[PDB]
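For reference, final_18.txt (compact mmCIF, C-alpha atoms and all ligand atoms):
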# COMPACT_ATOMS: atom_id res chain seq x y z
CA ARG E 126 218.42 1.21 92.96
CA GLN E 127 219.95 2.81 89.85
CA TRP E 128 218.22 1.60 86.69
CA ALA E 129 218.67 1.50 82.90
CA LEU E 130 216.40 1.20 79.83
CA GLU E 131 217.83 -2.22 78.92
CA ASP E 132 216.06 -3.74 81.95
CA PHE E 133 212.55 -3.71 80.49
CA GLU E 134 210.85 -5.07 77.40
CA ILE E 135 208.20 -2.99 75.74
CA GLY E 136 204.57 -3.68 75.13
CA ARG E 137 202.07 -1.33 73.58
CA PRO E 138 201.92 2.45 74.05
CA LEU E 139 199.18 3.22 76.53
CA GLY E 140 199.18 6.87 75.56
CA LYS E 141 201.09 9.63 73.80
CA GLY E 142 201.55 13.01 75.45
CA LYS E 143 202.98 16.35 74.43
CA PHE E 144 206.25 15.70 76.22
CA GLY E 145 206.45 12.06 75.33
CA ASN E 146 204.33 9.04 76.03
CA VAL E 147 203.67 5.92 78.06
CA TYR E 148 204.43 2.34 77.03
CA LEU E 149 203.34 -0.85 78.74
CA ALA E 150 206.50 -2.53 79.89
CA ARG E 151 207.77 -5.55 81.77
CA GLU E 152 210.76 -5.81 84.09
CA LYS E 153 213.10 -8.53 82.82
CA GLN E 154 214.05 -10.10 86.19
CA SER E 155 210.80 -10.37 88.10
CA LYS E 156 208.68 -10.27 84.96
CA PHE E 157 206.79 -7.42 86.63
CA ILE E 158 204.22 -5.36 84.77
CA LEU E 159 203.97 -1.62 84.94
CA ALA E 160 203.66 1.49 82.84
CA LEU E 161 206.72 3.49 81.80
CA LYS E 162 206.55 7.25 81.25
CA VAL E 163 208.97 8.34 78.56
CA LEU E 164 209.94 11.96 78.07
CA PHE E 165 212.54 13.94 76.18
CA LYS E 166 215.16 16.07 77.90
CA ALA E 167 215.01 18.32 74.85
CA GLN E 168 211.25 18.79 75.09
CA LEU E 169 211.33 19.33 78.85
CA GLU E 170 214.10 21.88 78.37
CA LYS E 171 212.48 23.90 75.55
CA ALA E 172 209.48 24.35 77.88
CA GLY E 173 211.50 24.64 81.08
CA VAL E 174 209.86 22.25 83.50
CA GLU E 175 212.82 20.20 84.65
CA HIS E 176 211.31 21.27 87.97
CA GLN E 177 207.78 19.82 87.83
CA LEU E 178 209.65 16.61 87.28
CA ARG E 179 212.07 17.09 90.13
CA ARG E 180 208.96 17.91 92.04
CA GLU E 181 206.70 15.21 90.63
CA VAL E 182 209.20 12.52 91.51
CA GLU E 183 210.31 14.02 94.79
CA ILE E 184 206.60 13.65 95.49
CA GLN E 185 204.79 10.74 93.86
CA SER E 186 207.68 8.65 95.14
CA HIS E 187 207.34 9.69 98.77
CA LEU E 188 203.65 8.52 98.66
CA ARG E 189 201.63 5.33 99.32
CA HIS E 190 197.81 5.20 99.33
CA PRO E 191 195.71 2.54 97.56
CA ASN E 192 193.99 5.14 95.39
CA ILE E 193 197.18 6.92 94.43
CA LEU E 194 199.38 5.67 91.63
CA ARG E 195 202.65 4.44 93.00
CA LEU E 196 205.67 5.78 91.19
CA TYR E 197 208.09 2.89 91.68
CA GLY E 198 211.37 4.50 90.60
CA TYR E 199 213.17 6.67 88.08
CA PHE E 200 216.17 6.85 85.80
CA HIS E 201 217.29 8.56 82.63
CA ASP E 202 219.62 8.30 79.66
CA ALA E 203 221.29 10.85 77.41
CA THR E 204 218.15 12.18 75.76
CA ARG E 205 215.10 11.06 77.75
CA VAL E 206 213.82 10.41 81.25
CA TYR E 207 211.98 7.36 82.47
CA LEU E 208 209.36 7.14 85.18
CA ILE E 209 208.70 3.65 86.45
CA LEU E 210 205.01 3.75 87.25
CA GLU E 211 202.30 1.55 88.61
CA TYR E 212 199.99 0.14 86.02
CA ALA E 213 196.19 0.34 86.01
CA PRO E 214 194.68 -2.31 83.70
CA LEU E 215 191.19 -0.88 83.39
CA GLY E 216 192.40 2.34 81.77
CA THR E 217 191.43 5.94 82.49
CA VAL E 218 188.12 7.24 83.81
CA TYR E 219 187.90 9.60 80.86
CA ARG E 220 187.59 6.64 78.53
CA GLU E 221 185.25 4.82 80.83
CA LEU E 222 183.23 8.02 80.90
CA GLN E 223 182.95 8.98 77.25
CA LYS E 224 182.87 5.27 76.50
CA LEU E 225 179.49 5.10 78.24
CA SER E 226 178.19 8.67 78.29
CA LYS E 227 177.57 9.56 81.98
CA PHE E 228 177.77 7.78 85.37
CA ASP E 229 174.95 6.63 87.63
CA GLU E 230 174.96 8.08 91.13
CA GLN E 231 176.44 5.09 92.96
CA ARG E 232 179.33 4.86 90.51
CA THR E 233 179.91 8.58 90.84
CA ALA E 234 179.48 8.51 94.62
CA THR E 235 182.01 5.76 94.97
CA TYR E 236 184.66 7.40 92.79
CA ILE E 237 184.23 10.62 94.71
CA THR E 238 184.68 8.96 98.04
CA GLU E 239 187.77 7.07 96.88
CA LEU E 240 188.91 10.30 95.39
CA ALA E 241 188.19 12.02 98.69
CA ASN E 242 190.14 9.52 100.83
CA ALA E 243 192.89 9.58 98.27
CA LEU E 244 192.81 13.34 98.67
CA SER E 245 192.41 13.33 102.42
CA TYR E 246 195.61 11.32 102.63
CA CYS E 247 197.41 13.71 100.31
CA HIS E 248 196.53 16.81 102.23
CA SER E 249 197.39 14.98 105.42
CA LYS E 250 200.83 15.95 104.14
CA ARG E 251 199.56 19.36 103.06
CA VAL E 252 200.05 18.12 99.50
CA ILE E 253 197.79 19.42 96.74
CA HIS E 254 197.37 17.98 93.24
CA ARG E 255 195.76 20.76 91.23
CA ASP E 256 195.70 18.64 88.07
CA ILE E 257 192.63 16.57 88.72
CA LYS E 258 190.36 15.57 85.81
CA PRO E 259 188.99 12.29 84.43
CA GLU E 260 192.06 11.88 82.29
CA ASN E 261 194.19 11.73 85.44
CA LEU E 262 192.25 9.15 87.34
CA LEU E 263 192.84 5.56 86.34
CA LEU E 264 191.27 2.22 87.17
CA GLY E 265 193.12 -0.53 89.00
CA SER E 266 192.35 -4.19 88.28
CA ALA E 267 189.74 -4.42 91.02
CA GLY E 268 188.23 -1.40 89.29
CA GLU E 269 189.52 0.98 91.96
CA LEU E 270 190.22 4.65 91.29
CA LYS E 271 193.83 5.70 91.13
CA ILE E 272 194.99 9.28 90.79
CA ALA E 273 198.07 10.08 88.71
CA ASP E 274 200.12 12.70 86.84
CA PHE E 275 201.55 15.14 89.36
CA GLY E 276 202.46 17.98 87.01
CA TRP E 277 201.54 20.53 89.63
CA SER E 278 201.17 18.65 92.87
CA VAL E 279 202.94 21.03 95.27
CA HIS E 280 202.40 22.40 98.82
CA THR E 292 192.92 24.06 79.87
CA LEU E 293 190.70 25.44 82.62
CA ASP E 294 187.61 23.31 83.08
CA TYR E 295 188.80 22.08 86.50
CA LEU E 296 190.73 25.00 88.01
CA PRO E 297 189.03 27.25 90.61
CA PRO E 298 189.17 31.10 90.53
CA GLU E 299 191.92 31.28 93.14
CA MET E 300 194.21 29.51 90.70
CA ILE E 301 193.18 30.93 87.31
CA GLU E 302 193.70 34.38 88.84
CA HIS E 306 195.60 28.46 97.18
CA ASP E 307 195.55 25.66 99.77
CA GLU E 308 193.95 22.21 99.90
CA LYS E 309 190.74 24.03 98.99
CA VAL E 310 191.70 24.10 95.32
CA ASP E 311 191.10 20.40 95.02
CA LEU E 312 187.67 20.43 96.66
CA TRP E 313 186.49 22.76 93.96
CA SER E 314 187.77 20.50 91.23
CA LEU E 315 186.19 17.57 92.98
CA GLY E 316 183.11 19.71 92.62
CA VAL E 317 183.55 20.09 88.86
CA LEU E 318 184.55 16.49 88.57
CA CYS E 319 181.43 15.20 90.19
CA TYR E 320 179.28 17.19 87.80
CA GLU E 321 180.85 15.83 84.66
CA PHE E 322 180.44 12.30 86.07
CA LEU E 323 176.70 12.72 86.27
CA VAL E 324 176.12 15.02 83.32
CA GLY E 325 178.87 14.11 80.89
CA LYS E 326 180.47 17.52 80.65
CA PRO E 327 182.18 19.98 83.03
CA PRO E 328 179.87 22.58 84.50
CA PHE E 329 181.66 25.33 82.59
CA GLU E 330 182.60 23.70 79.32
CA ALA E 331 182.94 26.74 77.05
CA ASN E 332 183.88 26.68 73.34
CA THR E 333 186.49 29.36 73.84
CA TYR E 334 189.26 29.64 76.38
CA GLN E 335 188.25 33.13 77.40
CA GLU E 336 184.55 32.26 77.31
CA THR E 337 185.27 29.69 80.02
CA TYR E 338 187.33 31.92 82.30
CA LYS E 339 184.22 34.10 82.41
CA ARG E 340 181.86 31.25 83.32
CA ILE E 341 184.30 29.99 85.98
CA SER E 342 185.04 33.47 87.31
CA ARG E 343 181.32 33.98 87.84
CA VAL E 344 180.21 30.48 88.72
CA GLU E 345 177.69 30.01 85.91
CA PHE E 346 176.47 26.41 85.72
CA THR E 347 173.02 24.82 85.48
CA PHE E 348 171.77 21.34 86.33
CA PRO E 349 169.64 19.44 83.85
CA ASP E 350 166.39 18.22 85.36
CA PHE E 351 167.70 14.71 85.98
CA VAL E 352 170.44 15.73 88.38
CA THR E 353 168.24 14.59 91.21
CA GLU E 354 168.73 15.25 94.89
CA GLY E 355 171.35 16.61 97.22
CA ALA E 356 173.53 15.64 94.32
CA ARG E 357 172.58 19.06 93.04
CA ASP E 358 173.27 20.24 96.60
CA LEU E 359 176.66 18.64 97.00
CA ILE E 360 177.96 20.15 93.82
CA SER E 361 176.78 23.59 94.87
CA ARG E 362 178.29 22.95 98.28
CA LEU E 363 181.60 22.29 96.50
CA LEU E 364 181.51 24.91 93.80
CA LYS E 365 182.08 28.02 95.90
CA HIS E 366 184.13 31.02 94.76
CA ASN E 367 185.17 31.78 98.33
CA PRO E 368 187.58 28.86 98.96
CA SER E 369 187.02 29.11 102.71
CA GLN E 370 183.38 28.19 102.27
CA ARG E 371 183.82 24.72 100.78
CA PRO E 372 183.53 21.67 103.06
CA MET E 373 186.31 19.24 103.79
CA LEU E 374 186.50 15.66 102.57
CA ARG E 375 185.17 14.59 105.98
CA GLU E 376 181.86 16.47 105.64
CA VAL E 377 181.92 15.18 102.11
CA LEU E 378 182.26 11.42 102.58
CA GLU E 379 179.91 12.13 105.46
CA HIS E 380 177.40 13.98 103.25
CA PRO E 381 174.31 11.77 102.81
CA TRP E 382 174.12 11.55 99.03
CA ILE E 383 177.70 10.32 99.02
CA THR E 384 176.95 8.26 102.11
CA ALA E 385 173.79 6.71 100.74
CA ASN E 386 175.37 5.85 97.35
CA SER E 387 179.14 5.33 97.93
CA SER E 388 180.91 1.97 98.54
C1 LIG O 1 203.64 11.41 78.57
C2 LIG O 1 202.28 10.68 78.47
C3 LIG O 1 201.23 10.75 79.38
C4 LIG O 1 200.16 9.90 78.88
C5 LIG O 1 198.82 9.61 79.54
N1 LIG O 1 198.89 8.24 80.08
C6 LIG O 1 198.78 8.26 81.56
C7 LIG O 1 198.21 6.94 82.07
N2 LIG O 1 198.64 5.80 81.28
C8 LIG O 1 198.54 4.54 82.05
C9 LIG O 1 199.25 4.36 83.21
BR1 LIG O 1 200.54 5.72 83.76
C10 LIG O 1 199.12 3.19 84.02
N3 LIG O 1 198.22 2.18 83.63
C11 LIG O 1 197.47 2.35 82.46
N4 LIG O 1 196.52 1.51 81.86
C12 LIG O 1 196.07 2.16 80.74
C13 LIG O 1 195.15 1.63 79.82
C14 LIG O 1 194.70 0.27 79.96
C15 LIG O 1 193.76 -0.26 78.97
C16 LIG O 1 193.33 0.61 77.89
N5 LIG O 1 192.35 0.15 76.88
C17 LIG O 1 192.65 0.61 75.48
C18 LIG O 1 192.04 -0.39 74.48
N6 LIG O 1 190.77 -0.99 74.96
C19 LIG O 1 189.58 -0.72 74.13
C20 LIG O 1 190.41 -1.22 76.38
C21 LIG O 1 191.03 -0.24 77.37
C22 LIG O 1 193.79 1.95 77.76
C23 LIG O 1 194.73 2.49 78.74
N7 LIG O 1 196.77 3.40 80.59
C24 LIG O 1 197.60 3.50 81.67
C25 LIG O 1 198.69 5.79 79.83
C26 LIG O 1 198.27 7.16 79.28
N8 LIG O 1 200.58 9.34 77.68
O1 LIG O 1 201.90 9.82 77.41
With the file now loaded, output its structure as structure tokens.
Ligand SMILES: Cc1cc(CN2CCN(c3c(Br)cnc4nc(-c5ccc(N6CCN(C)CC6)cc5)[nH]c34)CC2)no1
Amino acid sequence: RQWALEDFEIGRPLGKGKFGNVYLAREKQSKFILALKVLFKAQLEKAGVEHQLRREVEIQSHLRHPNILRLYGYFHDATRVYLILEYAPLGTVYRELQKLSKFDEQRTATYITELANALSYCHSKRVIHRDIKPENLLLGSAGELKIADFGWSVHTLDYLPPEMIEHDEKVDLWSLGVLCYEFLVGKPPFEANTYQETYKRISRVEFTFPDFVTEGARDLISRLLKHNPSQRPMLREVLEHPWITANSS
């Protein structure tokens, strides 16, 4: 189905990005709610990424898990391009997170699992995201976890493993590692004040749990945060892992 801007009304702007921004919008015929990524041909050009968006659409489209954000369609005009996206009412995890400091274990566990399955499905198609971070995981109405923004979902550093900063489905695991940490602590294991400062920390795997990071939580994160990609688990062992198991939903 070939679209056109004139088909939707426009609610508030959910966010504003470098390349454009996202407005709440409703489809005029079915009165259907969704988010609507808006981006500028000019801006995409001047940074040369017409590809990540051939290859974000070619992808997100082809995909259908609960925990992944369904890209419904696409179209463009003279100057900008429109992505017709699913809409997650409860906002981003990032906001949830900084909104309330850190997450309890259950909450964390859950997300991770969902995340994991979400991931497990993706890699079932040997697809890897490589852009995972709280500000890319949204919350559906039921409060579910949806993963979005496929800038670099092929086949700032806080979340990227060594392999990348210097890769197969491994990459993600690592990030999942980082991600878990933040969730429980409030910051990424390597948060550094300086770009180059970080690279160092990440390159060398220099993180340290506060006392309250009880349990094989501490374990799990270590288990994940390996420099040797081939030595991280798989989602299976992960959802399986007790601490997840005991706490997840
Ligand atoms: C270009 C560009 C990228 C972005 C980043 N966005 C990606 C995700 N965005 C949303 C998408 Br796509 C789908 N559903 C969304 N729902 C929200 C949302 C919902 C509620 C709230 N509030 C704000 C006010 N309040 C205190 C309660 C919670 C915030 C966000 N965002 C969604 C948008 C951002 N931007 O341009």
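Residue nearest ligand LIG 1 (chain O) within the list E:323, E:273, E:243, E:300: E:273 [criterion: smallest interatomic distance, all atoms listed in the file].
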Exercise for review: Within 7 Å of ligand LIG 1 (chain O), which residues show up when you count all atoms listed in the file? List them as a PyMOL selection string, please.
Suggested key: chain E and resi 139-147+159-164+210-217+261+263
Practice item. Take the point (173.9, 15.1, 96.1) as written in the file and pick out every residue within 9 Å of it, counting only C-alpha atoms; give the list as a ChimeraX atom specification. Key: /E:230,234,352-360,380-383
Check your understanding: Which residues, written as an NGL selection string, have at least one atom at most 10 Å from residue E:167, with only C-alpha atoms counted and residues fewer than 5 positions away on the same chain left out?
Key -> :E and (144 or 172-173 or 204-205)
Practice item. Counting all atoms listed in the file, write as a ChimeraX atom specification all protein and nucleic acid residues lying at most 6 Å from (188.5, 26.2, 92.5) in the file's frame. Key: /E:296-298,310,313-314
Review point. So what do you get for atom CA of residue E:241 versus atom CA of residue E:374, distance-wise?
Key: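 Atom CA of residue E:241 sits 5.6 Å away from atom CA of residue E:374.
Between atom CA of residue E:388 and atom CA of residue E:364 the interatomic distance comes to 23.4 Å.
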Would you compute the box with edges along x, y and z of the file around stretch 330-348 of chain E, including every atom the file lists for it and 6 Å extra on each side, and give its centre and edge lengths in Å to one decimal, as JSON?
{"center_x": 180.5, "center_y": 27.7, "center_z": 81.0, "size_x": 29.5, "size_y": 24.8, "size_z": 27.4}
Point to revise | Contacts of residue E:369 within 12 Å, all atoms listed in the file, excl. fewer than 5 positions in-chain, as a PyMOL selection string | key: chain E and resi 299+306-310+312-313+362-364
Prev. selection, C-alpha atoms, output as a PDB file, in the coordinates of the input:
ATOM      1  CA  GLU E 299     191.920  31.280  93.140  1.00  0.00           C
ATOM      2  CA  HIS E 306     195.600  28.460  97.180  1.00  0.00           C
ATOM      3  CA  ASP E 307     195.550  25.660  99.770  1.00  0.00           C
ATOM      4  CA  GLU E 308     193.950  22.210  99.900  1.00  0.00           C
ATOM      5  CA  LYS E 309     190.740  24.030  98.990  1.00  0.00           C
ATOM      6  CA  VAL E 310     191.700  24.100  95.320  1.00  0.00           C
ATOM      7  CA  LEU E 312     187.670  20.430  96.660  1.00  0.00           C
ATOM      8  CA  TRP E 313     186.490  22.760  93.960  1.00  0.00           C
ATOM      9  CA  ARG E 362     178.290  22.950  98.280  1.00  0.00           C
ATOM     10  CA  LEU E 363     181.600  22.290  96.500  1.00  0.00           C
ATOM     11  CA  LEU E 364     181.510  24.910  93.800  1.00  0.00           C
TER      12      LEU E 364
END
Check your understanding: Contacts of residue E:246 at 12 Å or less, counting only C-alpha atoms, minus same-chain residues fewer than 5 places along, as a list in words?
Key -> residues 188, 189, 190, 191, 192, 193, 239, 240, 241, 251, 252, 253, 254, 308, 374 and 375 of chain E
Just C-alpha atoms for this one: save the residues we selected as a PDB file, in the coordinates of the input.
ATOM      1  CA  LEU E 188     203.650   8.520  98.660  1.00  0.00           C
ATOM      2  CA  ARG E 189     201.630   5.330  99.320  1.00  0.00           C
ATOM      3  CA  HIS E 190     197.810   5.200  99.330  1.00  0.00           C
ATOM      4  CA  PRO E 191     195.710   2.540  97.560  1.00  0.00           C
ATOM      5  CA  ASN E 192     193.990   5.140  95.390  1.00  0.00           C
ATOM      6  CA  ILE E 193     197.180   6.920  94.430  1.00  0.00           C
ATOM      7  CA  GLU E 239     187.770   7.070  96.880  1.00  0.00           C
ATOM      8  CA  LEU E 240     188.910  10.300  95.390  1.00  0.00           C
ATOM      9  CA  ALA E 241     188.190  12.020  98.690  1.00  0.00           C
ATOM     10  CA  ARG E 251     199.560  19.360 103.060  1.00  0.00           C
ATOM     11  CA  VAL E 252     200.050  18.120  99.500  1.00  0.00           C
ATOM     12  CA  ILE E 253     197.790  19.420  96.740  1.00  0.00           C
ATOM     13  CA  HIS E 254     197.370  17.980  93.240  1.00  0.00           C
ATOM     14  CA  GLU E 308     193.950  22.210  99.900  1.00  0.00           C
ATOM     15  CA  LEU E 374     186.500  15.660 102.570  1.00  0.00           C
ATOM     16  CA  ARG E 375     185.170  14.590 105.980  1.00  0.00           C
TER      17      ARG E 375
END
Exercise for review: Using only C-alpha atoms, pick whichever of E:200, E:348, E:236, E:228 has the shortest atom-to-atom distance to residue E:387.
Suggested key: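 Under the stated criterion, the closest residue is E:236.
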**Study point:** residue E:341 environment, 9 Å, only C-alpha atoms, sequence neighbours closer than 4 positions dropped, as a PyMOL selection string
**Key:** chain E and resi 293-294+296-298+328-329+336-337+345-346+366
Check your understanding: Any idea what the distance is between atom CA of residue E:207 and atom CA of residue E:311?
Key -> 27.6 Å
Check your understanding: Which is closest to residue E:365 among E:349, E:327, E:136, E:316, if we use only C-alpha atoms?
Key -> E:316
